[PDB]
Amino acid sequence: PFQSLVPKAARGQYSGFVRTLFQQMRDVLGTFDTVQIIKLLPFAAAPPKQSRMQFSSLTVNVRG
Amino acid sequence: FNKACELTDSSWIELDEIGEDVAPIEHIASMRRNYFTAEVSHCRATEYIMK
Amino acid sequence: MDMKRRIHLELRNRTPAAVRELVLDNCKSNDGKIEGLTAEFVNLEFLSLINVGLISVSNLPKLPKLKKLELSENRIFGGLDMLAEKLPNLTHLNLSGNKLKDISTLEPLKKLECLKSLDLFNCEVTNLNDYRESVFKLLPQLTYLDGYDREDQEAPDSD
Amino acid sequence: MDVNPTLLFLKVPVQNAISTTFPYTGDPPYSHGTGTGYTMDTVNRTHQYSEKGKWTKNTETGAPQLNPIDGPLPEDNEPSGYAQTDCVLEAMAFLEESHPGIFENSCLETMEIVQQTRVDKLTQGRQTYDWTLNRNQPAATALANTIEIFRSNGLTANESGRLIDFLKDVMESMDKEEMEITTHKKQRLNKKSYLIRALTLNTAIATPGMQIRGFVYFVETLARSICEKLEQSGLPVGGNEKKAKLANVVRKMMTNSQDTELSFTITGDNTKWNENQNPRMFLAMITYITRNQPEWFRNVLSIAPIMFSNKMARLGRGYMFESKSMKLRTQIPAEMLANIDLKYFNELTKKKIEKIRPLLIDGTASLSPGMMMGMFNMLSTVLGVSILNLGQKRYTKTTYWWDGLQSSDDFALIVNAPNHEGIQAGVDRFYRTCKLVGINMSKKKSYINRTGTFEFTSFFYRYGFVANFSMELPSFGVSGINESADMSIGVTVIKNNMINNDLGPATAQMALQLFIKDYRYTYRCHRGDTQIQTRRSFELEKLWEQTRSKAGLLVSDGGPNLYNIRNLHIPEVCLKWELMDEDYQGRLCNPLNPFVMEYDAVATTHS
């Protein structure tokens with residue numbers, strides 16, 4: 001259901017991004033923030049696509 | 001015109017919110033409007049509109 | 001100074017087998033073709049034919065190691081099929097300012113295996129709609145068209 | 001690819017994507033046709049179409065007048081104003097016969113309307129010509145000035161307040177030997193000059209003075225009362241109701257049009273409608289409608305055509321001469337067109353001026369032969385419907401019979417016949433019977449195609465589906481009164497626009513979104529969450545913090561919008577009632593404020 005809100009056009013590019021970030025929390029020992037996981041987890045439930053963009057804000061559509 | 005019909009890397013029109021969608025006709029209207037706004041938000045025609 | 005002269009002027013008493021980057025711009029073409037270069041150039045990997053009045057690349061030499069060719073500011077209107085066979089390893093082509101006017105003209109480039117950039121600025125083919133998408137579908141191996149990859153993200157430096 | 005939006009029609013029928021062909025939704029930023037040139041040209045055209053009439057000189061006004069009625073019959077497929085009085089009277093008699101009592105009932109209703117209507121009804125209109133200033137002013141100012149001048153000259157029956165008394169005063173003024181006009185300037189107009197000033201139209205490209213409007217209103221009231229009873233007419237109605245008539249007619253002509261009876265629809269358009277209708281003929285038909293009626297009713301209703309048939313026209317502002325070798329820009333007023341040497345102008349304008357010069361009196365130009373647009377719009381439709389009624393198959397006495405719709409220079413004609421020769425003869429009988437009454441069909445703007453598809457006043461009908469593109473998108477912006485009124489108006493605009501001028505749900509929602517954006521950007525009342533930093537943000541922020549039920553805040557108090565399609569008829573303060581905090585309710589609607597279809601809303605601190 002969360003994936004319904006996320007824009008389709010950039011639905012995948014987010015996932016990859018987020019996924020990558022999470023990997024960098026499992027490789028760099030000692031870095032682990034619960035808040036970041038609970039914040040960005042639902043954004044990583046779509047077929048990932050790779051890109052070189054540095055996202056500053058992940059957008060979600062509510063009531064137009 | 002050919003360049004005015006092309007996408008761009010930006011979001012030029014940022015519309016505001018609407019009340020909840022209860023009526024089925026409201027759902028259909030919202031679906032149409034959301035698809036359209038997604039297809040035209042990023043576009044050079046919107047760039048000309050806002051400029 | 002036409003090509004034949006400047007080539008030697010740029011040969012600098014150094015044998016053709018030992019050139020890795022040759023620069024020949026603004027010089028001339030015999031009539032509309034490259035003349036002066038020869039197949040003995042085998043170590044070359046960067047040839048710049050910029051601004052040389054050039055109507056075609058029919059008589060281009062055979063450069064196995066070429067990787068960075070650029071024909072900008074010339075007047076090529078086709079005949080790019082030769083570049084495929086004659087430059088198998090080319091991976092950076094710069095066709096900007098030429099007289100290309102159709103996607104069909106870029107069909108021959110589809111058979112280059114290792115292609116990474118194709119600059120196509122100021123060419124009448126760039127005025128079409130869905131220009132970049134059509135080019136990226138005709139040349140699937142491409143990863144940077146005009147400088148940007150697929151989402152208008154600039155190509156990273158150090159290429 | 002080279003994008004070709006027109007090619008979209010290769011897949012979707014044209015009537016489905018017809019909206020694509022309408023360029024503007026709004027009044028363009030340019031003026032299309034106006035000025036002295038396009039008025040002189042209209043005068044010349046109106047006289048040309050009646051050049052074979054009878055020329056006379058008006059005793060009172062003293063201007064040449066062309067009377068084409070009962071003139072030579074036309075000989076070529078070109079416009080002609082030579083309306084035949086016998087033909088028009090016969091057509092209206094047949095219209096009465098097919099609709100018994102229509103004229104009598106309409107006359108009785110209009111007569112009841114006359115004895116009640118107040119003079120105030122004459123100010124609910126548009127720009128009007130002030131005979132006291134030779135300018136254009138809104139209706140109220142014109143009426144007030146006319147009443148003041150009438151009182152100053154001794155005419156005071158208008159004090160009764162009834163419009164008919166004002167008309168009596170107007171008629172008395174037309175008889176006075178001298179009218180004194182004192183403006184906030186002292187001037188005196190002799191009988192002839194004032195008579196011309198009251199029989200003039202300024203620059204719908206012309207607006208009548210105040211004397212004419214009084215009688216025009218009653219004549220058009222009778223016309224509307226007649227039209228409302230004719231199913232053929234489509235002028236008095238609008239919106240969804242009009243969409244019915246179209247379907248209805250296509251049903252009438254296709255009930256049993258299947259026994260080989262070929263059916264054909266002519267989408268038509270009458271060429272130079274206004275420049276062929278003859279006010280003398282409007283008098284000839286009003287004298288027929290108002291038969292066996294009180295003499296006063298006929299007299300009051302017969303005075304609008306009488307004043308039009310002698311009407312004059314003011315050419316306009318004038319011309320502008322530019323010397324590009326001296327860098328000079330001078331202006332020539334229209335009043336000087338009667339003497340200025342004809343060398344400055346180009347050839348076409350020179351010909352126009354030369355042709356119109358004989359008709360120039362006191363700076364105006366007599367325009368007897370034809371009507372002008374915007375007036376008698378509903379009385380012309382009655383003539384058209386009468387013509388459409390002459391194809392009832394009891395009035396053609398043949399095998400082809402036509403019957404359709406007409407809306408004052410826009411018509412669709414259905415011409416059922418048993419074979420193609422029948423269709424080609426039933427179209428000729430219409431195009432010829434319709435020339436005798438001065439109506440000219442336009443052959444370069446019409447087309448005939450088998451029944452099941454046509455166009456009627458921008459209501460495109462295709463196989464039962466009617467697309468309504470007659471009216472334009474209204475301005476979806478803040479009215480500009482105050483915070484409370486603007487929300488009530490803007491939402492109501494979208495509602496009643498959806499009801500009347502068919503507007504899609506999705507486009508309605510996006511219009512609402514744009515309206516909310518404009519609303520929040522005019523009165524700085526962005527959402528509380530939103531980070532826009534205006535002078536009013538801080539106060540809106542704190543109010544956001546201390547409200548537990550943030551959903552109940554008004555859109556003007558930095559709250560969330562709650563308007564969707566289902567609740568566009570509910571005022572804001574009553575939509576967001578249960579959601580408000582009791583203390584917030586008390587604060588907003590406190591009668592101790594230091595601050596406090598149209599704008600139907602609740603009063604709050606915002607007003």
# chains A, B, ... in the order shown; residues from 1 in each chain; ligands from 1
call {"tool": "interface_residues", "arguments": {"of": "chain B", "to": "chain D", "cutoff": "8 Å", "atoms": "only C-alpha atoms", "output": "list in words"}}
result
residues 1, 2, 5, 15, 16, 17, 18, 19, 20, 21, 23, 25, 26, 28, 29, 30, 32 and 33 of chain B
call {"tool": "write_last_selection", "arguments": {"atoms": "N, CA, C and O atoms", "output": "PDB file, in the first residue's frame"}}
result
ATOM      1  N   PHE B   1       7.959  23.343 -31.203  1.00  0.00           N
ATOM      2  CA  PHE B   1       6.921  22.483 -30.650  1.00  0.00           C
ATOM      3  C   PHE B   1       7.484  21.129 -30.235  1.00  0.00           C
ATOM      4  O   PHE B   1       7.117  20.596 -29.177  1.00  0.00           O
ATOM      5  N   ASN B   2       8.386  20.570 -31.044  1.00  0.00           N
ATOM      6  CA  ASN B   2       8.972  19.277 -30.715  1.00  0.00           C
ATOM      7  C   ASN B   2       9.667  19.322 -29.364  1.00  0.00           C
ATOM      8  O   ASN B   2       9.520  18.404 -28.551  1.00  0.00           O
ATOM      9  N   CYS B   5       7.195  19.571 -26.370  1.00  0.00           N
ATOM     10  CA  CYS B   5       6.458  18.363 -26.016  1.00  0.00           C
ATOM     11  C   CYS B   5       7.297  17.351 -25.241  1.00  0.00           C
ATOM     12  O   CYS B   5       6.830  16.233 -25.007  1.00  0.00           O
ATOM     13  N   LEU B  15       1.003  21.541  -7.159  1.00  0.00           N
ATOM     14  CA  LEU B  15      -0.376  21.826  -6.804  1.00  0.00           C
ATOM     15  C   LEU B  15      -0.614  21.536  -5.324  1.00  0.00           C
ATOM     16  O   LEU B  15       0.216  20.937  -4.636  1.00  0.00           O
ATOM     17  N   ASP B  16      -1.771  21.972  -4.833  1.00  0.00           N
ATOM     18  CA  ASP B  16      -2.127  21.842  -3.431  1.00  0.00           C
ATOM     19  C   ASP B  16      -3.041  20.634  -3.234  1.00  0.00           C
ATOM     20  O   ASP B  16      -3.304  19.866  -4.162  1.00  0.00           O
ATOM     21  N   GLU B  17      -3.534  20.462  -2.013  1.00  0.00           N
ATOM     22  CA  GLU B  17      -4.262  19.258  -1.650  1.00  0.00           C
ATOM     23  C   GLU B  17      -5.751  19.398  -1.948  1.00  0.00           C
ATOM     24  O   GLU B  17      -6.259  20.476  -2.260  1.00  0.00           O
ATOM     25  N   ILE B  18      -6.447  18.272  -1.848  1.00  0.00           N
ATOM     26  CA  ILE B  18      -7.883  18.185  -2.055  1.00  0.00           C
ATOM     27  C   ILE B  18      -8.456  17.329  -0.937  1.00  0.00           C
ATOM     28  O   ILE B  18      -7.765  16.484  -0.363  1.00  0.00           O
ATOM     29  N   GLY B  19      -9.723  17.553  -0.621  1.00  0.00           N
ATOM     30  CA  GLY B  19     -10.379  16.751   0.391  1.00  0.00           C
ATOM     31  C   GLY B  19     -10.314  15.271   0.066  1.00  0.00           C
ATOM     32  O   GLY B  19      -9.911  14.847  -1.016  1.00  0.00           O
ATOM     33  N   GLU B  20     -10.724  14.466   1.041  1.00  0.00           N
ATOM     34  CA  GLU B  20     -10.725  13.026   0.857  1.00  0.00           C
ATOM     35  C   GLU B  20     -11.610  12.647  -0.326  1.00  0.00           C
ATOM     36  O   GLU B  20     -12.460  13.419  -0.775  1.00  0.00           O
ATOM     37  N   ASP B  21     -11.398  11.438  -0.835  1.00  0.00           N
ATOM     38  CA  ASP B  21     -12.121  10.925  -1.995  1.00  0.00           C
ATOM     39  C   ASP B  21     -13.049   9.814  -1.516  1.00  0.00           C
ATOM     40  O   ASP B  21     -12.625   8.664  -1.366  1.00  0.00           O
ATOM     41  N   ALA B  23     -16.740   9.524  -2.731  1.00  0.00           N
ATOM     42  CA  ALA B  23     -17.634   9.069  -3.784  1.00  0.00           C
ATOM     43  C   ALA B  23     -16.848   8.311  -4.853  1.00  0.00           C
ATOM     44  O   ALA B  23     -15.715   8.681  -5.168  1.00  0.00           O
ATOM     45  N   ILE B  25     -17.246   8.430  -8.009  1.00  0.00           N
ATOM     46  CA  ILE B  25     -16.930   9.411  -9.042  1.00  0.00           C
ATOM     47  C   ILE B  25     -15.741  10.252  -8.611  1.00  0.00           C
ATOM     48  O   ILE B  25     -14.904  10.642  -9.433  1.00  0.00           O
ATOM     49  N   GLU B  26     -15.645  10.548  -7.314  1.00  0.00           N
ATOM     50  CA  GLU B  26     -14.475  11.259  -6.816  1.00  0.00           C
ATOM     51  C   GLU B  26     -13.215  10.434  -7.028  1.00  0.00           C
ATOM     52  O   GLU B  26     -12.163  10.977  -7.383  1.00  0.00           O
ATOM     53  N   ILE B  28     -12.684   8.207  -9.432  1.00  0.00           N
ATOM     54  CA  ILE B  28     -12.352   8.241 -10.855  1.00  0.00           C
ATOM     55  C   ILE B  28     -11.727   9.579 -11.225  1.00  0.00           C
ATOM     56  O   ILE B  28     -10.729   9.640 -11.958  1.00  0.00           O
ATOM     57  N   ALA B  29     -12.312  10.672 -10.736  1.00  0.00           N
ATOM     58  CA  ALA B  29     -11.767  11.991 -11.024  1.00  0.00           C
ATOM     59  C   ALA B  29     -10.345  12.118 -10.503  1.00  0.00           C
ATOM     60  O   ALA B  29      -9.465  12.641 -11.195  1.00  0.00           O
ATOM     61  N   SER B  30     -10.104  11.649  -9.279  1.00  0.00           N
ATOM     62  CA  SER B  30      -8.770  11.734  -8.704  1.00  0.00           C
ATOM     63  C   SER B  30      -7.781  10.892  -9.492  1.00  0.00           C
ATOM     64  O   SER B  30      -6.636  11.302  -9.690  1.00  0.00           O
ATOM     65  N   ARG B  32      -7.902  10.099 -12.758  1.00  0.00           N
ATOM     66  CA  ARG B  32      -7.600  10.827 -13.987  1.00  0.00           C
ATOM     67  C   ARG B  32      -6.660  11.993 -13.710  1.00  0.00           C
ATOM     68  O   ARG B  32      -5.646  12.172 -14.398  1.00  0.00           O
ATOM     69  N   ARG B  33      -6.993  12.806 -12.707  1.00  0.00           N
ATOM     70  CA  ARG B  33      -6.212  14.005 -12.436  1.00  0.00           C
ATOM     71  C   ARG B  33      -4.790  13.655 -12.029  1.00  0.00           C
ATOM     72  O   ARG B  33      -3.839  14.326 -12.441  1.00  0.00           O
TER      73      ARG B  33
END
call {"tool": "select_by_dssp", "arguments": {"residues": "chain A", "states": "alpha helix (DSSP H)", "output": "list in words"}}
result
residues 2, 3, 4, 5, 11, 12, 13, 14, 15, 16, 17, 18, 19, 20, 21, 22, 23, 24, 25, 26, 27, 34, 35, 36, 37, 38, 39 and 40 of chain A
call {"tool": "interface_residues", "arguments": {"of": "chain A", "to": "chain B", "cutoff": "10 Å", "atoms": "only C-alpha atoms", "output": "PyMOL selection string"}}
result
chain A and resi 7-9+61-64
call {"tool": "interface_residues", "arguments": {"of": "chain C", "to": "chain B", "cutoff": "9 Å", "atoms": "only C-alpha atoms", "output": "list in words"}}
result
residues 127, 128, 129, 130, 151 and 152 of chain C
call {"tool": "residues_around", "arguments": {"residues": "residue 419 of chain D", "least_positions_apart": "6", "cutoff": "8 Å", "atoms": "only C-alpha atoms", "output": "compact mmCIF listing (two decimals) with C-alpha atoms, in the first residue's frame"}}
result
# COMPACT_ATOMS: atom_id res chain seq x y z
CA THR D 260 -35.74 3.72 -47.52
CA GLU D 261 -36.48 7.36 -46.58
CA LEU D 262 -33.05 8.97 -46.86
call {"tool": "select_by_dssp", "arguments": {"residues": "chain C", "states": "strand (DSSP E)", "output": "list in words"}}
result
residues 22, 23, 46, 47, 48, 68, 69, 70, 93, 94, 118 and 119 of chain C
call {"tool": "write_last_selection", "arguments": {"atoms": "N, CA and C atoms", "output": "PDB file, in the first residue's frame"}}
result
ATOM      1  N   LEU C  22      47.273  12.159 -31.702  1.00  0.00           N
ATOM      2  CA  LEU C  22      47.514  13.089 -32.793  1.00  0.00           C
ATOM      3  C   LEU C  22      46.387  14.112 -32.842  1.00  0.00           C
ATOM      4  N   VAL C  23      46.753  15.375 -33.029  1.00  0.00           N
ATOM      5  CA  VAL C  23      45.800  16.477 -33.079  1.00  0.00           C
ATOM      6  C   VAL C  23      45.975  17.177 -34.418  1.00  0.00           C
ATOM      7  N   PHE C  46      44.074   8.715 -30.106  1.00  0.00           N
ATOM      8  CA  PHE C  46      43.309   9.953 -29.969  1.00  0.00           C
ATOM      9  C   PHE C  46      43.573  10.797 -31.215  1.00  0.00           C
ATOM     10  N   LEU C  47      42.625  10.790 -32.146  1.00  0.00           N
ATOM     11  CA  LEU C  47      42.703  11.587 -33.362  1.00  0.00           C
ATOM     12  C   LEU C  47      41.602  12.638 -33.339  1.00  0.00           C
ATOM     13  N   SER C  48      41.980  13.900 -33.525  1.00  0.00           N
ATOM     14  CA  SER C  48      41.046  15.022 -33.457  1.00  0.00           C
ATOM     15  C   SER C  48      41.003  15.715 -34.814  1.00  0.00           C
ATOM     16  N   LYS C  68      39.325   7.651 -29.061  1.00  0.00           N
ATOM     17  CA  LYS C  68      38.779   8.998 -28.883  1.00  0.00           C
ATOM     18  C   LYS C  68      38.903   9.738 -30.212  1.00  0.00           C
ATOM     19  N   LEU C  69      37.861   9.646 -31.030  1.00  0.00           N
ATOM     20  CA  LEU C  69      37.783  10.348 -32.300  1.00  0.00           C
ATOM     21  C   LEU C  69      36.762  11.470 -32.193  1.00  0.00           C
ATOM     22  N   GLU C  70      37.026  12.569 -32.893  1.00  0.00           N
ATOM     23  CA  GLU C  70      36.136  13.723 -32.847  1.00  0.00           C
ATOM     24  C   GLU C  70      36.186  14.459 -34.175  1.00  0.00           C
ATOM     25  N   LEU C  93      33.055   9.152 -29.545  1.00  0.00           N
ATOM     26  CA  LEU C  93      32.835   9.813 -30.822  1.00  0.00           C
ATOM     27  C   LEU C  93      32.148  11.151 -30.590  1.00  0.00           C
ATOM     28  N   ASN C  94      32.569  12.171 -31.343  1.00  0.00           N
ATOM     29  CA  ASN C  94      32.098  13.547 -31.161  1.00  0.00           C
ATOM     30  C   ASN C  94      31.669  14.099 -32.520  1.00  0.00           C
ATOM     31  N   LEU C 118      28.568   9.790 -27.382  1.00  0.00           N
ATOM     32  CA  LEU C 118      28.281  10.268 -28.732  1.00  0.00           C
ATOM     33  C   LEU C 118      27.732  11.685 -28.598  1.00  0.00           C
ATOM     34  N   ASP C 119      28.596  12.677 -28.789  1.00  0.00           N
ATOM     35  CA  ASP C 119      28.189  14.074 -28.728  1.00  0.00           C
ATOM     36  C   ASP C 119      27.627  14.475 -30.083  1.00  0.00           C
TER      37      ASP C 119
END
call {"tool": "residues_around", "arguments": {"residues": "residue 373 of chain D", "least_positions_apart": "2", "cutoff": "10 Å", "atoms": "only C-alpha atoms", "output": "number ranges by chain"}}
result
D: 204-207, 272-275, 370-371, 375-377
call {"tool": "closest_atom_pairs", "arguments": {"of": "chain C", "to": "chain A", "cutoff": "10 Å", "atoms": "only C-alpha atoms", "output": "JSON lines"}}
result
{"residue": "C:149", "atom": "CA", "partner": "A:51", "partner_atom": "CA", "distance": 9.6}
{"residue": "C:150", "atom": "CA", "partner": "A:51", "partner_atom": "CA", "distance": 9.1}
{"residue": "C:151", "atom": "CA", "partner": "A:51", "partner_atom": "CA", "distance": 8.2}
{"residue": "C:153", "atom": "CA", "partner": "A:52", "partner_atom": "CA", "distance": 7.3}
{"residue": "C:154", "atom": "CA", "partner": "A:52", "partner_atom": "CA", "distance": 9.3}
{"residue": "C:155", "atom": "CA", "partner": "A:52", "partner_atom": "CA", "distance": 9.6}
{"residue": "C:156", "atom": "CA", "partner": "A:52", "partner_atom": "CA", "distance": 9.4}
call {"tool": "residues_around", "arguments": {"residues": "residue 1 of chain A", "least_positions_apart": "6", "cutoff": "12 Å", "atoms": "only C-alpha atoms", "output": "PDB file with N, CA, C and O atoms, in the first residue's frame"}}
result
ATOM      1  N   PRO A  42      10.039   1.443   3.989  1.00  0.00           N
ATOM      2  CA  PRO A  42       8.972   1.186   3.009  1.00  0.00           C
ATOM      3  C   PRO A  42       9.313   1.643   1.606  1.00  0.00           C
ATOM      4  O   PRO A  42       8.701   1.159   0.649  1.00  0.00           O
ATOM      5  N   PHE A  43      10.270   2.558   1.449  1.00  0.00           N
ATOM      6  CA  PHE A  43      10.651   3.029   0.125  1.00  0.00           C
ATOM      7  C   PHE A  43      11.451   2.003  -0.661  1.00  0.00           C
ATOM      8  O   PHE A  43      11.712   2.228  -1.846  1.00  0.00           O
ATOM      9  N   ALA A  45      10.730  -1.357  -1.338  1.00  0.00           N
ATOM     10  CA  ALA A  45       9.918  -2.538  -1.602  1.00  0.00           C
ATOM     11  C   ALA A  45       9.452  -2.580  -3.053  1.00  0.00           C
ATOM     12  O   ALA A  45       8.362  -3.072  -3.347  1.00  0.00           O
ATOM     13  N   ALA A  46      10.265  -2.068  -3.964  1.00  0.00           N
ATOM     14  CA  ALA A  46       9.985  -2.072  -5.389  1.00  0.00           C
ATOM     15  C   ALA A  46      11.219  -2.546  -6.136  1.00  0.00           C
ATOM     16  O   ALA A  46      12.335  -2.473  -5.613  1.00  0.00           O
ATOM     17  N   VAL A  60       6.083  11.595  -1.644  1.00  0.00           N
ATOM     18  CA  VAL A  60       4.943  10.690  -1.561  1.00  0.00           C
ATOM     19  C   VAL A  60       3.671  11.510  -1.729  1.00  0.00           C
ATOM     20  O   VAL A  60       3.554  12.609  -1.178  1.00  0.00           O
TER      21      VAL A  60
END
call {"tool": "residues_around", "arguments": {"residues": "segment 64-67 of chain C", "least_positions_apart": "3", "cutoff": "8 Å", "atoms": "only C-alpha atoms", "output": "PDB file with C-alpha atoms, in the first residue's frame"}}
result
ATOM      1  CA  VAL C  42      49.141   1.678 -35.185  1.00  0.00           C
ATOM      2  CA  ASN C  43      49.727   3.137 -31.714  1.00  0.00           C
ATOM      3  CA  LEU C  44      47.347   6.076 -32.209  1.00  0.00           C
ATOM      4  CA  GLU C  45      44.496   6.317 -29.712  1.00  0.00           C
ATOM      5  CA  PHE C  46      43.309   9.953 -29.969  1.00  0.00           C
ATOM      6  CA  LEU C  47      42.703  11.587 -33.362  1.00  0.00           C
ATOM      7  CA  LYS C  86      37.957   0.861 -39.517  1.00  0.00           C
ATOM      8  CA  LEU C  87      37.768   1.744 -35.787  1.00  0.00           C
ATOM      9  CA  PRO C  88      36.581  -1.407 -33.992  1.00  0.00           C
ATOM     10  CA  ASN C  89      37.715  -0.171 -30.564  1.00  0.00           C
ATOM     11  CA  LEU C  90      36.445   3.418 -30.797  1.00  0.00           C
ATOM     12  CA  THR C  91      34.686   4.384 -27.559  1.00  0.00           C
ATOM     13  CA  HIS C  92      34.326   8.197 -27.710  1.00  0.00           C
TER      14      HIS C  92
END
call {"tool": "residues_around", "arguments": {"residues": "residue 38 of chain A", "least_positions_apart": "6", "cutoff": "12 Å", "atoms": "only C-alpha atoms", "output": "compact mmCIF listing (two decimals) with N, CA, C and O atoms, in the first residue's frame"}}
result
# COMPACT_ATOMS: atom_id res chain seq x y z
N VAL A 18 17.82 3.77 -1.66
CA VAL A 18 17.63 3.36 -0.27
C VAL A 18 18.35 2.05 -0.02
O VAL A 18 19.12 1.91 0.94
N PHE A 22 21.20 1.16 2.86
CA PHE A 22 21.09 0.13 3.89
C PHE A 22 22.30 -0.80 3.85
O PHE A 22 22.81 -1.20 4.91
N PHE A 32 24.69 2.29 12.85
CA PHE A 32 23.36 1.69 12.83
C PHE A 32 22.41 2.64 13.54
O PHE A 32 22.53 2.85 14.75
N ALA A 44 11.84 0.89 -0.04
CA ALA A 44 12.70 -0.10 -0.66
C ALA A 44 11.97 -1.43 -0.87
O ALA A 44 12.52 -2.50 -0.61
